[PDB]
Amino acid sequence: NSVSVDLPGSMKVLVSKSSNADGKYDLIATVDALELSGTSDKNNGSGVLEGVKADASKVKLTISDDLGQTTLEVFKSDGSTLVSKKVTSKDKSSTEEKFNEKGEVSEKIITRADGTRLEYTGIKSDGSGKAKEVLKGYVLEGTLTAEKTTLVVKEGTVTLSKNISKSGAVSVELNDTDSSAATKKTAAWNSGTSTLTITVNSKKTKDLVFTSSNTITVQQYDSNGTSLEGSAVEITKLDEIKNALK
């Protein structure tokens, strides 16, 4: 009878070959040992399935009509308040949330399609909390407010701040408390190329590029302070960001 359908979020659903007397299709899925079941208006594996955890928490799997997105939710045993929600979007990125007793989000883990992550923890009712970005090879740490995420790396008297706005726009700034003009770093941000250019003693020294691939690269200028030299090097560990700030 049934037809297996592959779903975003590493799940499968079995949809009946034919519809019932009401025209509806039966859906069955097994998600981490839990058996979920439902009925659907459509014949392609989309719709709603429900079951329960061993501890009586309610579970619902919602598959969008075009199979592009899945939502896996856990609720209190009466089904009233959310406990956890995982949404896998059509790019196969995911958001995984936990909620407090009021249904307010207390943790949000974003896994980008490329596997890098934003981890927001200890989220309060104002949308503030702790923030981490998990990149390939290293992690950046900072805070979340309702206005932006700010991830901070410190080296000497330099503080590098990577900001991710509420709308997702990246900007980077550098601030150095160094008194000496021979050694003080300053930097300018180019939003078009996502590039922070560092200057010391009125000469450009380095370009730090925050790529659309969620990597950081560093390239030096010649001693003339005007032309780039060599080729950009991808950062592989936090120590190499610190090196770029020296």
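Residue indices: 1-based, along the sequence shown.
The mean Cα B-factor in the deposited entry runs higher for 77-85 than for the other of 150-158 and 77-85. When the C-alpha B-factors of 180-188 and 193-201 are averaged, 180-188 comes out higher. The PDB entry assigns its highest CA temperature factor, among 145, 165, 106, 111, to 165. Each of 97, 101, 173, 119 has a CA temperature factor in the record; the biggest one is found at 101. In the deposited entry, the Cα temperature factor of residue 134 places it in the middle third of its chain's modelled residues. Annotation for residue 13: C-alpha temperature factor in the middle third relative to the rest of the modelled chain, per the entry. Residue 208: CA B factor lies in the lowest third for its chain, per the PDB record. For residue 54, the recorded CA temperature factor ranks within the highest third of the chain's modelled residues.
Among the modelled residues of its chain, residue 215 has a C-alpha B-factor that falls in the middle third according to the deposited record.
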